[PDB]
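Engineer: So I've got this file, structure-v3.cif, and it contains mmCIF, C-alpha atoms:
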```cif
data_model
#
loop_
_atom_site.label_atom_id
_atom_site.label_comp_id
_atom_site.auth_asym_id
_atom_site.auth_seq_id
_atom_site.Cartn_x
_atom_site.Cartn_y
_atom_site.Cartn_z
CA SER A 1 -110.86 13.79 -99.21
CA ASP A 2 -112.02 17.12 -98.41
CA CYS A 3 -113.27 19.14 -101.44
CA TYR A 4 -112.38 22.56 -99.86
CA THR A 5 -115.73 23.96 -98.45
CA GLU A 6 -117.44 26.71 -100.50
CA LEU A 7 -117.28 29.00 -97.41
CA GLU A 8 -113.53 28.31 -97.13
CA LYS A 9 -112.58 28.88 -100.83
CA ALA A 10 -114.82 31.94 -100.46
CA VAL A 11 -112.79 33.26 -97.44
CA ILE A 12 -109.76 32.70 -99.78
CA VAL A 13 -111.56 34.60 -102.66
CA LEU A 14 -112.50 37.51 -100.30
CA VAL A 15 -108.85 37.67 -99.09
CA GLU A 16 -107.72 37.86 -102.79
CA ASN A 17 -110.47 40.47 -103.67
CA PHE A 18 -108.56 42.68 -101.16
CA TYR A 19 -104.83 41.61 -101.30
CA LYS A 20 -104.80 42.02 -105.17
CA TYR A 21 -104.63 45.79 -104.25
CA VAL A 22 -101.24 45.60 -102.34
CA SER A 23 -97.82 43.96 -102.99
CA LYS A 24 -98.04 41.15 -100.41
CA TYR A 25 -96.50 42.99 -97.35
CA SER A 26 -96.89 46.56 -98.46
CA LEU A 27 -99.87 47.93 -96.27
CA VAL A 28 -98.24 51.44 -95.91
CA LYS A 29 -95.45 51.71 -98.57
CA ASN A 30 -97.69 50.59 -101.51
CA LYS A 31 -101.50 50.77 -101.03
CA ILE A 32 -104.79 51.94 -102.63
CA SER A 33 -106.92 54.94 -101.85
CA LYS A 34 -109.73 53.88 -99.44
CA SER A 35 -111.92 55.74 -102.00
CA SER A 36 -111.45 52.66 -104.32
CA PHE A 37 -113.24 50.25 -101.86
CA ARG A 38 -116.62 51.97 -102.56
CA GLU A 39 -115.87 51.88 -106.33
CA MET A 40 -114.43 48.30 -106.69
CA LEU A 41 -117.60 47.27 -104.75
CA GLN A 42 -119.62 48.49 -107.82
CA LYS A 43 -117.62 45.99 -110.01
CA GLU A 44 -117.02 42.78 -107.95
CA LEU A 45 -120.25 42.88 -105.80
CA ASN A 46 -122.46 44.27 -108.61
CA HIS A 47 -125.53 41.90 -108.53
CA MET A 48 -126.96 43.02 -105.09
CA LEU A 49 -126.20 46.72 -105.85
CA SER A 50 -128.71 48.68 -108.03
CA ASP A 51 -130.92 50.47 -105.47
CA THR A 52 -127.68 52.51 -104.86
CA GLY A 53 -128.58 52.62 -101.08
CA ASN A 54 -126.34 49.55 -100.54
CA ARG A 55 -123.45 51.63 -102.00
CA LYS A 56 -124.39 54.69 -99.79
CA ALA A 57 -123.85 52.19 -96.92
CA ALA A 58 -120.22 51.75 -98.16
CA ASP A 59 -119.43 55.51 -98.52
CA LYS A 60 -120.70 56.18 -94.91
CA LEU A 61 -117.92 53.76 -93.72
CA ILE A 62 -115.13 55.38 -95.81
CA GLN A 63 -115.54 58.74 -93.98
CA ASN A 64 -115.88 56.98 -90.58
CA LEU A 65 -112.54 55.20 -91.32
CA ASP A 66 -110.72 58.33 -92.75
CA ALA A 67 -111.28 60.09 -89.37
CA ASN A 68 -109.15 57.36 -87.64
CA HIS A 69 -106.61 56.45 -90.35
CA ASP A 70 -103.25 57.78 -91.80
CA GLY A 71 -103.27 54.93 -94.38
CA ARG A 72 -101.50 52.30 -92.26
CA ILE A 73 -103.88 49.72 -93.87
CA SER A 74 -105.00 46.84 -91.61
CA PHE A 75 -106.29 43.43 -92.87
CA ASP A 76 -109.28 44.01 -90.52
CA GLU A 77 -110.04 47.36 -92.34
CA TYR A 78 -111.47 45.83 -95.56
CA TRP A 79 -113.28 43.05 -93.64
CA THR A 80 -115.01 45.54 -91.29
CA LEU A 81 -116.00 47.71 -94.30
CA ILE A 82 -117.73 44.71 -96.12
CA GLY A 83 -119.95 44.18 -93.01
CA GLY A 84 -121.33 47.77 -93.37
CA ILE A 85 -122.92 46.93 -96.79
CA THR A 86 -123.67 43.27 -95.85
CA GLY A 87 -126.43 44.17 -93.36
CA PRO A 88 -129.73 45.81 -94.57
CA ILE A 89 -129.69 43.34 -97.52
CA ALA A 90 -128.25 40.53 -95.30
CA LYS A 91 -131.73 39.25 -94.30
CA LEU A 92 -132.89 39.74 -97.96
CA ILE A 93 -129.98 37.47 -99.15
CA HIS A 94 -130.97 34.53 -96.88
CA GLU A 95 -134.63 35.13 -97.95
CA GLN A 96 -133.77 35.12 -101.73
CA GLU A 97 -132.30 31.53 -101.44
CA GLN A 98 -135.82 30.60 -100.11
CA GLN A 99 -138.26 33.12 -101.69
CA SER A 100 -141.22 30.82 -100.70
CA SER A 101 -142.07 32.23 -97.17
CA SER A 102 -141.38 35.99 -97.69
CA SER B 1 -125.06 38.03 -118.87
CA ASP B 2 -123.51 38.24 -115.60
CA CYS B 3 -122.43 34.83 -114.17
CA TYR B 4 -122.79 35.93 -110.48
CA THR B 5 -119.18 36.83 -109.32
CA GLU B 6 -117.40 34.27 -107.06
CA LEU B 7 -117.03 36.99 -104.39
CA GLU B 8 -120.79 37.70 -104.61
CA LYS B 9 -122.05 34.06 -104.44
CA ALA B 10 -119.49 33.80 -101.62
CA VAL B 11 -121.05 36.77 -99.69
CA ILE B 12 -124.36 34.86 -100.24
CA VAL B 13 -122.70 31.59 -98.95
CA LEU B 14 -121.25 33.39 -95.85
CA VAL B 15 -124.69 34.97 -95.15
CA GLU B 16 -126.27 31.43 -95.41
CA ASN B 17 -123.44 29.83 -93.27
CA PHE B 18 -124.78 32.16 -90.52
CA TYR B 19 -128.59 32.57 -91.14
CA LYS B 20 -129.05 28.71 -91.31
CA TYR B 21 -128.74 29.07 -87.45
CA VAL B 22 -131.85 31.35 -86.96
CA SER B 23 -135.53 31.17 -88.05
CA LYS B 24 -135.19 34.05 -90.52
CA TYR B 25 -136.33 36.98 -88.25
CA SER B 26 -135.72 35.38 -84.91
CA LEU B 27 -132.32 36.88 -83.59
CA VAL B 28 -133.41 36.86 -79.85
CA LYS B 29 -136.57 34.66 -79.51
CA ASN B 30 -134.93 31.76 -81.43
CA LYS B 31 -131.10 31.84 -81.75
CA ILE B 32 -127.87 29.80 -81.32
CA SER B 33 -125.40 29.86 -78.46
CA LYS B 34 -122.37 32.15 -79.15
CA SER B 35 -120.44 29.00 -78.06
CA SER B 36 -121.55 27.37 -81.40
CA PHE B 37 -119.63 29.92 -83.60
CA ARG B 38 -116.19 28.67 -82.33
CA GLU B 39 -117.36 25.04 -82.81
CA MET B 40 -119.11 25.32 -86.26
CA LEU B 41 -115.87 27.08 -87.36
CA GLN B 42 -114.08 23.69 -86.81
CA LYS B 43 -116.52 22.10 -89.39
CA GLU B 44 -117.20 24.67 -92.20
CA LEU B 45 -113.77 26.48 -92.11
CA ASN B 46 -111.76 23.30 -91.36
CA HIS B 47 -108.92 23.35 -94.00
CA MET B 48 -107.00 26.44 -92.60
CA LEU B 49 -107.49 25.21 -88.97
CA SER B 50 -105.13 22.51 -87.54
CA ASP B 51 -102.48 24.54 -85.67
CA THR B 52 -105.41 25.22 -83.21
CA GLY B 53 -104.07 28.83 -82.73
CA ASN B 54 -106.49 29.98 -85.48
CA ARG B 55 -109.33 28.51 -83.34
CA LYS B 56 -107.97 30.20 -80.13
CA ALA B 57 -108.34 33.41 -82.21
CA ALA B 58 -112.13 32.64 -82.36
CA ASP B 59 -112.59 31.82 -78.61
CA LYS B 60 -110.75 35.11 -77.64
CA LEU B 61 -113.56 37.01 -79.49
CA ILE B 62 -116.43 35.07 -77.81
CA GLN B 63 -115.41 36.28 -74.31
CA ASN B 64 -114.88 39.86 -75.62
CA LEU B 65 -118.45 39.73 -77.12
CA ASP B 66 -120.12 38.10 -74.02
CA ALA B 67 -119.14 41.11 -71.83
CA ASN B 68 -121.27 43.36 -74.15
CA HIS B 69 -124.13 41.02 -75.16
CA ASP B 70 -127.43 39.57 -73.70
CA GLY B 71 -127.99 37.55 -76.93
CA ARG B 72 -129.77 40.21 -79.01
CA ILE B 73 -127.82 38.78 -82.02
CA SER B 74 -126.84 41.34 -84.70
CA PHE B 75 -126.07 40.38 -88.33
CA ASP B 76 -122.78 42.30 -87.75
CA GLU B 77 -121.86 39.98 -84.77
CA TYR B 78 -121.00 36.89 -86.87
CA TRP B 79 -119.26 38.99 -89.57
CA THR B 80 -117.02 40.83 -87.04
CA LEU B 81 -116.20 37.46 -85.37
CA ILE B 82 -114.98 35.90 -88.74
CA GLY B 83 -112.46 38.80 -89.05
CA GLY B 84 -110.81 37.78 -85.72
CA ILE B 85 -109.74 34.38 -87.22
CA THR B 86 -109.23 35.77 -90.77
CA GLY B 87 -106.12 37.82 -89.85
CA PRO B 88 -102.84 36.05 -88.77
CA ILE B 89 -103.47 33.52 -91.62
CA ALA B 90 -104.86 36.29 -93.93
CA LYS B 91 -101.43 37.12 -95.43
CA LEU B 92 -100.63 33.34 -95.52
CA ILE B 93 -103.81 32.77 -97.66
CA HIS B 94 -102.80 35.40 -100.29
CA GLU B 95 -99.25 33.88 -100.21
CA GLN B 96 -100.52 30.23 -100.59
CA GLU B 97 -102.51 30.73 -103.87
CA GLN B 98 -99.22 32.15 -105.31
CA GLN B 99 -96.53 30.26 -103.29
CA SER B 100 -93.79 31.35 -105.77
CA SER B 101 -92.27 34.34 -103.80
CA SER B 102 -92.49 33.27 -100.08
#
```
Can you turn what I pasted into C-alpha cells?
Structural biologist:
Amino acid sequence: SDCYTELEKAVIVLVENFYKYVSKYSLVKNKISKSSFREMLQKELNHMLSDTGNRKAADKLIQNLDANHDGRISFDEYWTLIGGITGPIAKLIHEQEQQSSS
Amino acid sequence: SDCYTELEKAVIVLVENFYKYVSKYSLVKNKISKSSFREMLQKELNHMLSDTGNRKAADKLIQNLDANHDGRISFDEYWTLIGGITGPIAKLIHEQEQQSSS
C-alpha cells in the first residue's frame, strides 16, 4: 500500500507535459516546433517565471539544440532542456520551502 | 488565482528530492556520495522500478559521471542523471495513463 510517491507521479506528469505534443510514437513524422518549448514553459511553469531571465535561459538552449538537430525528436531532448531553466533558480526553490535561513 | 501547476510543484518536489542531500550551499564541502543517487532511486522512484533494468540504467550513468567528476556537485548533475532512467520506460509511462491503444 504504496500511495504513488509525489516525485514519481511528478515524473509521470513531466512525461505527459511533453508527450501530449506527439502522437505516442511519432517523434519525426508528427512533432512540434522546438520553438514551442520556450512558449509552453510560459504557461505550464508560470509561477517561477516573471523576471523573464528564467525564460532567456530556455531560449539559449533552443538555439544550442537547433545547431545539432533535424527534428528527429529524442525523449532526452525535452528533459535536458528543462535542466537549463531549472538551475539559477534551483537553489532559490529549495530556499523558498525554508525561507527562514536565507 | 493560480493553484500552482502540478508540473511546477513537481519541479519544486524534484528540486527538494535532490537538495535535501546538501546543506543548502554546500555542493563540495558537504555532499552525498554519487553512489547514493542509484540507491535513493530505489526508495523515492520505486513504483516504475522492479524489472531492475531501469536501475541498471542509473548505475551506467554513475560510472560515466565518475570519469569526469571530483565531487564538485552541479545542480545539473542530478537532473541529467534522472533522464538516463526516464527514457526506455518514458514511452511506457505516457502509454500507461492511457492504456487504451497499446
Engineer: Hey, what's within 12 Å of residue 96 (chain A) if we count all atoms listed in the file and toss same-chain stuff fewer than 4 positions away? As a PDB file with C-alpha atoms, in the coordinates of the input, please?
Structural biologist:
```
ATOM      1  CA  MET A  48    -126.960  43.020-105.090  1.00  0.00           C
ATOM      2  CA  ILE A  89    -129.690  43.340 -97.520  1.00  0.00           C
ATOM      3  CA  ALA A  90    -128.250  40.530 -95.300  1.00  0.00           C
ATOM      4  CA  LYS A  91    -131.730  39.250 -94.300  1.00  0.00           C
ATOM      5  CA  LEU A  92    -132.890  39.740 -97.960  1.00  0.00           C
ATOM      6  CA  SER A 100    -141.220  30.820-100.700  1.00  0.00           C
ATOM      7  CA  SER A 101    -142.070  32.230 -97.170  1.00  0.00           C
ATOM      8  CA  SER A 102    -141.380  35.990 -97.690  1.00  0.00           C
TER       9      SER A 102
ATOM     10  CA  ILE B  12    -124.360  34.860-100.240  1.00  0.00           C
ATOM     11  CA  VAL B  13    -122.700  31.590 -98.950  1.00  0.00           C
ATOM     12  CA  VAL B  15    -124.690  34.970 -95.150  1.00  0.00           C
ATOM     13  CA  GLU B  16    -126.270  31.430 -95.410  1.00  0.00           C
ATOM     14  CA  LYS B  24    -135.190  34.050 -90.520  1.00  0.00           C
TER      15      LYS B  24
END
```
Engineer: Quick one: of B:71, B:8, B:28, B:54, who's nearest to residue 42 (chain A), counting all atoms listed in the file?
Structural biologist: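 Closest to residue 42 (chain A) of all the choices is B:8.
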Engineer: Select all residues from chain B having any atom no more than 10 Å from an atom of chain A (counting all atoms listed in the file, ignoring ligands), output as a PyMOL selection string.
Structural biologist: chain B and resi 2-20+24-25+43-48+74-80+82-84+86-88+90-97+101-102
Engineer: Interatomic distance between CA of residue 37 (chain A) and CA of residue 58 (chain A)?
Structural biologist: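 CA of residue 37 (chain A) sits 8.0 Å away from CA of residue 58 (chain A).
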Engineer: So which residues touch residue 85 (chain A) within 10 Å, counting all atoms listed in the file, skipping near sequence neighbours fewer than 5 positions away, as an mmCIF file with C-alpha atoms, in the frame of the given file?
Structural biologist:
```cif
data_model
loop_
_atom_site.group_PDB
_atom_site.id
_atom_site.type_symbol
_atom_site.label_atom_id
_atom_site.label_comp_id
_atom_site.auth_asym_id
_atom_site.auth_seq_id
_atom_site.Cartn_x
_atom_site.Cartn_y
_atom_site.Cartn_z
ATOM 1 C CA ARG A 38 -116.620 51.970 -102.560
ATOM 2 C CA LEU A 41 -117.600 47.270 -104.750
ATOM 3 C CA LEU A 49 -126.200 46.720 -105.850
ATOM 4 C CA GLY A 53 -128.580 52.620 -101.080
ATOM 5 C CA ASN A 54 -126.340 49.550 -100.540
ATOM 6 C CA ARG A 55 -123.450 51.630 -102.000
ATOM 7 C CA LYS A 56 -124.390 54.690 -99.790
ATOM 8 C CA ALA A 57 -123.850 52.190 -96.920
ATOM 9 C CA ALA A 58 -120.220 51.750 -98.160
ATOM 10 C CA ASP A 59 -119.430 55.510 -98.520
ATOM 11 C CA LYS A 60 -120.700 56.180 -94.910
ATOM 12 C CA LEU A 61 -117.920 53.760 -93.720
ATOM 13 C CA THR A 80 -115.010 45.540 -91.290
ATOM 14 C CA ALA A 90 -128.250 40.530 -95.300
#
```
